[PDB]
């Protein structure tokens, strides 16, 4: 596969997709037994290991829709990947979204033209896989993790005129990131199961703000919720 230097099935059915290829490293080392490293292309590191005896892979995606699309496609098409879970952060855009909250995206709004190219006249609303999502909600509530379930906004521009999120907050969108629409759509197209699990990086239209401690907690917190989701 053009972008991923890996042997067939040297990659798990299940892949966690952080934006950062260095958090990809971190997650493997700090959470998985028997750490393999299949990919080193573009520094976009890929890893495979076990957790509670089960095989789990970890691939960094880079940032923005066009980048994650690249990896999700190859992972799916060239490695028959079955379950793809994003684990990154997002900028909180409501006030009723707390820094501790862990976010499960049912859907996402986007300004990426990825869908309009393919569909034209249709606002295409992408979709988390319920089984994956329910499992994550269950895995959250049993351990008693703070968890919100709603939509996010997959943006093309980190720095924007940003008129959008101010309007999107008014419709109950929870936060902004740059990957989810791309995951959900490509996963749905190819018959796979996708879900996006996200922590708060900071409040964009500040209601409150974040410390290094709060992130370290919610980060770890999110990885668990993901891992136990199967």
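Take the two forms, superpose them, and find the largest set of C-alpha atoms that agree within 1.5 Å; that set is the rigid core. Residue numbers count along the first chain shown, from 1.
In 8 other deposited structures of this protein, superposed by the rigid core, the C-alpha atoms of 215-223 lie farther from the shown form than the other of 20-28 and 215-223. In summary, of the stretches 39-47 and 163-171, 163-171 shows the greater Cα distance from the shown form in 8 other deposited structures of this protein, with structures fitted on the rigid core. Legend: mean Cα B-factor per stretch from the PDB entry, 179-187 versus 163-171; the higher mean is in 163-171. Just going by the entry, 12-20 versus 207-215 on mean CA temperature factor gives the higher value to 207-215. Ranking 35, 63, 195, 70 by Cα temperature factor from the entry places 35 first. Compared with the other modelled residues of the chain, the Cα B-factor recorded for residue 119 ranks in the middle third.
For residue 158, the recorded CA B-factor ranks within the highest third of the chain. Only modelled residues enter the ranking.
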